[PDB]
Structures are given as C-alpha cells and as structure tokens.
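**Student:** here we go, the starting part of the complex in its complex frame:
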Amino acid sequence: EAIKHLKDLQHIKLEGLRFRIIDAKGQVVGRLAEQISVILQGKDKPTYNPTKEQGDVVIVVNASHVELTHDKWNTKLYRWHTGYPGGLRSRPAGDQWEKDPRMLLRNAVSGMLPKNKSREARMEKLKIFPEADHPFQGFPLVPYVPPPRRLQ
Amino acid sequence: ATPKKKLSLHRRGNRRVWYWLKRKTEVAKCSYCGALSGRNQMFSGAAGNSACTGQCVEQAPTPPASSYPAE
Amino acid sequence: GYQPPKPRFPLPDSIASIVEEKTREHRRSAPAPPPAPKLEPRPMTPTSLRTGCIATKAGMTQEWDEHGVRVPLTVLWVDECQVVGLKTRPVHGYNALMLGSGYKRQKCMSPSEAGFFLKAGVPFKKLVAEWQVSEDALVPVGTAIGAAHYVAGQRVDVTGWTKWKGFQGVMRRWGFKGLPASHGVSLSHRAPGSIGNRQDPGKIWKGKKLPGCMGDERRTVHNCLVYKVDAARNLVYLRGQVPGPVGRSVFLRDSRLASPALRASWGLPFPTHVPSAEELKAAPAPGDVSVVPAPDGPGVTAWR
Amino acid sequence: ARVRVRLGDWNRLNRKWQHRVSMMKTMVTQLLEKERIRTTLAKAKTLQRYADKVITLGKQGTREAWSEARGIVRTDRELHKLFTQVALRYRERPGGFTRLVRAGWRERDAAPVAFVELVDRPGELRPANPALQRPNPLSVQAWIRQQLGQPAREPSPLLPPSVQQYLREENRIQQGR
C-alpha cells in the first residue's frame, strides 16, 4: 500500500461536494447500493437540478463484510460478451469475490444509476475499500449511517 | 459495389485525408539568385536554373592535366 | 492509440492542503530501498525462477554426435549481455532483472535513453529487456550473463521475431485451399471462399482469417535442447530452428514447459555463472579457442 | 517478381533483360563518348555499376578483353578511347571511376534525375582524390604493411625508372625487326 495510498489521492472529479463515509459491516449489497445510488445522484439535496451533475464523494469501507442472502453466492452470475464468436463469459458470485471482492457493490451501484453519459463521473465518486481504512484520513468527511435495519 | 446514398460534405472531407500533401521541413536556398531546392540536389545552371549567376560555386581552379586525345 | 486521457479539474475547494501534506508524509514514511544484492553462488530452491539472456542468431550449421547422427544446429552469440536495471518487491511492485545487449555509440542513441545508461554506469546497449526473477536471483548491476549461464543438455524456450514476408493471401498465411485450376473456375483460383454465413449471422466474425501483412511476429519455440556451450567465445549451439533472420537478437530462458521444479537434474548455476578468478582473462586480443561440453543421449539406433 | 534491389543484383529498369543489356551498352558507349550524361536515378545507378565493369575490362588491355568489349561497346571510335585514354587515365584507380550528382526531376514524368560523369578529367565538377596515397615509412600503416603481407602500392609515373635501364640499351631494340 506504498503507492495505493498515493494514487487514490489523485482526484479527477469536481470537488465542491461533500465526502461521505459508510461502514458496510452487515449491510446487504442491494439496499446499500440503493442508498449509495441516491447519495451519488445528488437527490438528497434541495438544490437538485437534473442537468447539473452534483453529488457526493461516497467512500465505502469494509467491502468484505457484505453478504448475499439466499444462496446468491453460488447461483448469482455476472455475464458479459467479448464481441467474438462464442464470447459469452459468466462468472459466479463466489468467483467474483475471489477475483475482485469490491466488484459486487460496484456492479450493484452501476446497475442503479441513470444510463447516460454522466455515469462515468458518478462512478468515479464511488470509492470502495475492502478493509477498514481509507486514504482519506485527514479529509473532512461526514458519515452516512443507514436507517436502522430492523423493519423486520 | 455502388454507393447507396449521397456522401455528405463532412464525410467527403474525412475520406479525402489521404489526398493531401505533407509540408517539407527543410529547404536549400542559394543566397545569390534566391533559388530553392533539396539539400541533396544540384540546382545550378547545369540543372534547371535560368537565374544562376555562377556565384553559387565560389571557387573552381583546375589548370593542369596531360593525356592522349584520340583522333 | 490511447483513450482521451484526463479531464483534470484543477479546483480542489481548498482540500489541496490536506492532499499535499498527506503526500509529503507518505513519501517520507515509505521504506528505504534494499541494499545492493552482491551475489555469490546460492542454493537451488525448487520453486525459484532464473533470469534469461539476449542472444544473437548467427545462422545454422552441421554437426554429428558420437553415435553418428547429424543434428541441425543453429548457433547463438551472447553480445556482452549485462544486468542494467533492477526491480524488487519493496520499491517496485514486482521482482525483475533488466538485461542489456549489444553496443551503440553516443551519437546513435536518443538522449533520453543514453542518460539512463550514463546514470547506471553501464555501456550504451542496443537492446533492453527484462525477466521475472525470484528474490534470491537478483544479480547486481554490471554483471555479465554469458553462455556459461546455460549448460549442455539443458532445454531452453527461445523467443524470436519472425522473418518479414510482406502482405500475403490466405493460401500461405492461413494455409487455405483454393479453387481448382481448370474446371470452369472464373478468376477465383486463390479466393478465400465464403466468409460470412448469410442474414442470420449478418456479419463477419471478429477473428476472421483474411489476407494481411504477416511477418515480424513474436513466436516462441518451446523446449529446445542446448547441444554445445563455448564459454570463451560466448557461443551456444541449440538444436533445431530459431525464429528470426540472422543478426537479430533472440530471447532465451530455462524451459518452463518442462518444469517438475527439479529442472530435470540439469547442472544449472542458480544466480548466474559466478566467475571465479575473473583476473588473468584477456580482453579482445590475440586469444585462442577453448574447451566445450556436450550431451550424449542413449540408443539413437536401438533397433531398426 | 524476383528480388533485385534488397538482394544485391541488377535493376530491371521496366525492361526485358535483352533490352536492358542493350540499353546499358548504348549508355556506357554514350558515357565514354560524352563524359557526362544525364538520366533517371535507376538508370544512373545501373550505369555506374556497368561503367566500373567495362572500364576494368578496358584496363586489362588483353586481346580477350578487346574481343569482349567489341561486342559490349558499340561505337569503335570510343572502343579506342576506352582502351587507350580511359585505360591510361584510371590505370591505378581501385574502382569508383564515376560519380553521381542528383539534378532534380524531369518535366515529362516527374522522375528523379541524376548527373553521371567520369571522375579525374578536365571539366569534372568535384576535385578527385588521388587513387594512391604515398605512405610515410615512419608511420604505423607502413609497419603493419611490413609485418603483414601487403605490397608498397606507391603512386607511379606511366613508365617508372625501373624500365629506364632496359629501354636505354641499344642492344635491346632488335632494330624493330
């Protein structure tokens, strides 16, 4: 992590926004992805404009405390094509965790954003970290705790 | 083997990029007569240069030689 | 051939003070680079990878073994191959040895590349390459990797760039068969034939074999034997063919295809051939020929 | 389709080989009749190689060389010039009897044009270099040429003083038979 703490501090995006930190301990990937999508679009702001791309810098820690309920570790797949004949590639969720474990929440947030050309800028602002610390230690960052889970 | 529609002015301009010529980055200029050519080419009076005054070659002395002229 | 690189929005809303202090305290707290390796002969760990070599193809010749069989032998030449750069796990992400070969004059090289050799203190090489190596295989900068790095009977994986042939059709590039010379075939004796399959595919596949400029392609010949090593003259005598024309440099490495981790009992010196008595060796001068080893093999004419 | 340039061989010059050899024979005859001719680069390079071959054949001075040049060289006014003036002029030159200077492009087809001329003549465009360069016997080259088997190869007049003591003799004339 000698240079990984350096590269994540290199910012391409606009920075008039607010930084958010979310602990993903015990959170279901779908509901956390819904809340992260709402924060990323900037619709938690009274000054929201559909044309203007505001939002928040969402930082997620503990990406491997994230669970997939009802045997979706072996049955949920991730499929794409290569453009070549026979190019269907389907990866299971356990193999997706064993390849890159932050991609579960990454793809879940990607499927919930609006499908336009502002999606690249919104997916920049989602920074998902597997372990419990992030490079933005000294930053002024405001925590987003979700509403309590016990509706059931 | 036949165009199905008419080419637009923008598409025609994009297709015609191969037809354009590259500018040359060097030129050999004679200070007297103002002639212009490549640095590897003679452009004096022996070649085509009606403006040549001979000042392009500044020294040529070779008087002595001896041989059998075949007649 | 690159994507549109960087929007690069400059304004940080004054969070730049935190990022600049974080970067200053990040470079200053990173560990000091490990010391110069200084290698002498080392043990043979079974899961340990050795370096490679940049050798020059010099053509093919004829030799006969003691059993009396002709062997097609190409000859390679090691052109003062040295270690130029080094990469290791603490300071770089990987552990590699950077090799250089040949020589070029100062006026014949770009100033950006000549500066790298002048800082390293090595002569100006004409080719620079690198190989992945283990932690115990890091040989210091300036160390020669000659023919003595390899042994007779060893199997190597030679990597070469093929001969340029120009643009050719599908008859000799993909080896396709054409149409008959004289049965009514009209202007199609070397046609590729059907390429798509009608409306249902509706397109040509992304990997379709069509005529193109083949040539200069990095093809590797796997698991080829080493028949003779001349340490004094830097010559290795592989058996079989090597891709590329004569005079182009090729790459060599121990064959990872035949890898039981035993290295098949080949007598390989692990870090390199660490030379004892490097003194009393002549420079390019009136030297002579030296002695070489060779493998034998059993029963080439066991029966008829 | 056979590779001629890139694999050192004769140019094809867009012609069949019998036409090609006849055109080169005509051009070498023209090159020695008028000592500077102007042509396209490909014919100019081919003419330079052919001129070296023909001039050395004239330098041999033998009867077989005359017989071979009699078919190669057309004029006969210039067969005499090749065997006498050109042979005496380049008697000690180790090749390179011709220079090439590029002269731009021609109007009819925009083909590159080169001037091809014989060196070491009154009316040439660059000073020649001497074919030989008398050696200092007090330098490294002379000692390398003494330890190794090299001749002296000094510059010489047409008849050196080493034949003067034979030709001075009145008993070595035979009266002209």
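**Tutor:** Done, it's in. Residues are numbered from 1 along each chain as shown, chains lettered A, B, ... in the order given.
**Student:** is the residue nearest to residue C:65 when sequence neighbours are not counted in a helix, a strand, or coil?
**Tutor:** Nearest residue to residue C:65, sequence neighbours excluded (Cβ to Cβ, 6 or more residues apart in numbering or on different chains): residue C:71, at 6.3 Å. Quick note: C-beta positions are derived from backbone N, CA and C, even for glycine. Under the three-state scheme (DSSP: H, G, I helix; E, B strand; the rest coil), residue C:71 adopts strand.
**Student:** quickly list what residue C:71 is bridged to.
**Tutor:** Counting by DSSP bridges, residue C:71 forms beta bridges with residue C:63.
**Student:** quick one: it and chain B, what's the gap?
**Tutor:** 51 Å (Cβ to the nearest Cβ, to the nearest Å).
**Student:** swap in residue C:301?
**Tutor:** Applying Cβ to the nearest Cβ, the value for residue C:301 to chain B is 64 Å.
**Student:** please apply the same query to residue A:34.
**Tutor:** In this structure, residue A:34 and chain B are 44 Å apart, going by Cβ to the nearest Cβ.
**Student:** now do the contacts for that residue.
**Tutor:** Residues near residue A:34 by Cβ atoms under 8 Å, 6 or more residues apart in numbering or on different chains: residue A:112.
**Student:** quick one: which helix or strand includes it?
**Tutor:** helix A:29-41 (DSSP states H and E).
**Student:** for that helix, buried residues please.
**Tutor:** A:29, A:32, A:33, A:35, A:36, A:37, A:39, A:40, A:41 (16 or more other Cβ atoms under 10 Å in any protein chain shown).
**Student:** mind adding chain E? sequence follows:
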Amino acid sequence: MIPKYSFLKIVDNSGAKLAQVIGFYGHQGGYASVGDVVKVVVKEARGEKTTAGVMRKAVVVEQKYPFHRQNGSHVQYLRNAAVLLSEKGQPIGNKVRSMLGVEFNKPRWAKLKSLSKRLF
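**Tutor:** Below, chain E sits with the chains from the block before:
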C-alpha cells in the same frame, strides 16, 4: 514417396509383375516409404498361379525418391518396387528376385535378409 493409386513392380516369383497401392495400414496419410507394408492389387499377372485381380499385402523394398538415413546419407534407387507378403508377415515368394532385390533391412525382416540377392 508412393502415393495411393500408384504402380510398382513386385519383383519376386509370387506371380505379380505390377500392383496398385489402394491403402496404407498405418496412420501415414501422406506417402509410403521403404520398409512399409501396404495393401496392393495385382493388375497384371505373370501367367502363373497368382492371376490378375487379387488384393494382397506388400512391403516396399525400394523407391525412386531418396530414402534418408540418420547419419546424413541417403540411398537412391532407379526403380519403385515392392515384395508381396502373407497374413503371417512372410513373403509368399520363394526368393526375392535379384532383378530388383537389393535393400537395407534388419528390423524383424531377417526372413527377407535370406530372400534377397544381397543387402545394403
């Protein structure tokens, strides 16, 4: 190189002056070469017991293509000939005729080293 549907002169006194190769036993899908056994069909008889039109087994003893050896030498024969064989890997002929019977052979063909006039 003996391709399929070729012709060759059987040399022994088994009763076949000529035969046509109609198949190859091994996975050799290209050509046959000296020392190989192939299925041949007798087109023309010598008038004796082996009449024309039979399908027997033959081993090729010599060919007009060069036969390369490991040392680097090769043997070139001016004829393409073969010798008939039985279902026991033995020639039905009493002796391989010396008219075209010189070959290089020591692998289990010791029975063919007595039928031939001379080896090598």
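**Student:** check the offset of the longest helix seen in chain D from the chain's centre.
**Tutor:** With secondary structure taken from DSSP state H, chain D has its longest helix at helix D:41-60. Computed by Cα atoms, centre = their mean, to the nearest Å, the chain-centroid distance of helix D:41-60 equals 7 Å.
**Student:** show me what it is packed up against.
**Tutor:** helix D:17-33, helix D:63-72, strand D:98-105, strand D:112-118 (3 or more Cβ pairs under 8 Å, 6 or more residues apart in numbering or on different chains; DSSP states H and E).
**Student:** now the helices for chain A?
**Tutor:** A:4-7, A:29-41, A:93-99, A:103-110, A:119-124.
**Student:** before we move on, what SS does the residue of chain E found nearest chain A have?
**Tutor:** Closest to chain A within chain E is residue E:29: 29.4 Å, counting by Cβ to the nearest Cβ. Following three-state DSSP, residue E:29 is assigned to coil.
**Student:** for residue D:145, same thing?
**Tutor:** helix.
**Student:** okay, now residue 72: neighbour count?
**Tutor:** Since you didn't name a chain, this refers to chain A. 16 (other Cβ atoms under 10 Å in any protein chain shown).
**Student:** the intended chain is chain E.
**Tutor:** 12.
**Student:** my read is that it contacts residue C:70, right?
**Tutor:** Yes - using Cβ atoms under 8 Å, residue E:72 makes contact with residue C:70 at a distance of 4.0 Å.
**Student:** what touches both of these two?
**Tutor:** C:62, C:64.
**Student:** include chain F too:
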Amino acid sequence: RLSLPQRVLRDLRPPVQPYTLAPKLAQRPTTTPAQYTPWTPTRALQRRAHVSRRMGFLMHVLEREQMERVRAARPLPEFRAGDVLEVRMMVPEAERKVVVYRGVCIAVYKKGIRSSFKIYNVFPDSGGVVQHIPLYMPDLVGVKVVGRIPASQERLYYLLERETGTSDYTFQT
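**Tutor:** With chain F added, the chains above now look like this:
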C-alpha cells in the same frame, strides 16, 4: 570529487601475445587476412562493422575449424566428379561394421563440412543404386580412386539412363 577508473575499465589489460596485428586462429583462406575475430570483441573493442556481416564470418570460421579438425583426423585423396570410387564406410545401423562400396562418382556435390559426393553403381542383377554420402561425416573411414573416365560435364546425371552394362563395379553376391 572522487575520480577513479572502474572495474569496466579494468579490461585495459596487456595482450597475451605482445605483437599481433592479424588475430591468428582464423580458418579463412591464404591471402588478405582478417584483422578481427568475429566472436570475442562484442563491440567493446573493435573496428566496428554490422552484425550479419560478423555472424556470417563467424559461421565461416566455425565451419572451417571443424573442417580442418576432421581433415587432420583423416586425410582424403584429391579427386574429381568423373572417377570410379571405392568407399570404406562403417554402417551405424549395424554394429559400426565397415562395408566397402564401389561405384562411379557422378558429383562432388558441395563445399564445406557439408561437402558431399554421389557414387553410382549399376548392380548387374538389380539395376543402378546411387548413394549420397557426406564427405566429412565421422562414419567415413577412407576412400581411394581406381578407375578414371574423363567427362566435360561436372555433374554426370546423364549416366542415369545410359548403357547399364558398362556401369558394373560391384556384384557382391
């Protein structure tokens, strides 16, 4: 601050033979001797030249080194391509047993360690069996010449369809 000559500059050592201009060890022909070895210099100390104008010379010297080594190991008679030859050849397929061959040689096929010849013998019983032999193979013991037949042509491939009766040199059975 600290000027010093490096270990790379310790290649400024005295030569082994103190007065040499041509390298020696060259297996090239008699005159115009080469003034550099094609293997040792590596451009560290050399009158520079292109590679593949240096590894072609390297191929020539390596071929010649083996060729005079075999020539020292056994001598051979000087012979043309139109003469009857007898070859003492040991067969590696057999237990290295020497078998004598006799035939007219129809070619001195090549030059180098890959020099070869082709001896043609019409066996009066089995017709003509021509054999190709590498001249510098270790399986040759010696050859001698007995029969001379002068021909203008250097390759006698026209004897493949001439009178087969007058090509009888060996009928071992």
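**Student:** the neighbour count of residue A:72 again please, this time with chain F.
**Tutor:** Using other Cβ under 10 Å as the criterion, the residues surrounding residue A:72 number 16.
**Student:** check the one 4 residues further on too.
**Tutor:** If you count neighbours by other Cβ under 10 Å, residue A:76 ends up with 15.
**Student:** ok, it - contacts?
**Tutor:** Residue A:76 touches A:68, A:92, A:93, counting by Cβ under 8 Å, 6+ apart.
**Student:** what pairs with the closest residue to residue A:82 other than its chain neighbours across the strands?
**Tutor:** Of all residues not flanking residue A:82 in the chain, residue A:89 sits nearest, at 6.6 Å (Cβ to Cβ, 6+ apart). Beta-bridge partners recorded for residue A:89 (DSSP bridges): residue A:80.
**Student:** quick check: the gap between residue A:89 and chain B.
**Tutor:** Counting by Cβ to the nearest Cβ - residue A:89 and chain B are separated by 35 Å.
**Student:** quick one: residues contacting that residue.
**Tutor:** A:79, A:80, A:81, A:82.
**Student:** which of the residues you listed lies closest to chain C?
**Tutor:** Nearest to chain C among the contacts of residue A:89, with distances taken as Cβ to the nearest Cβ, is residue A:82, at 8.0 Å.
**Student:** contact partners for the residue nearest the centre of chain D?
**Tutor:** Nearest residue to the geometric centre of chain D (Cα atoms, centre = their mean): residue D:55, 3.7 Å. Residues near residue D:55 by Cβ under 8 Å, 6+ apart: D:82, D:86, D:90, D:97.
**Student:** I'd assumed the second one was in a helix, is it?
**Tutor:** Read that as residue D:86. Yes - assessed by three-state DSSP, residue D:86 belongs to a helix.
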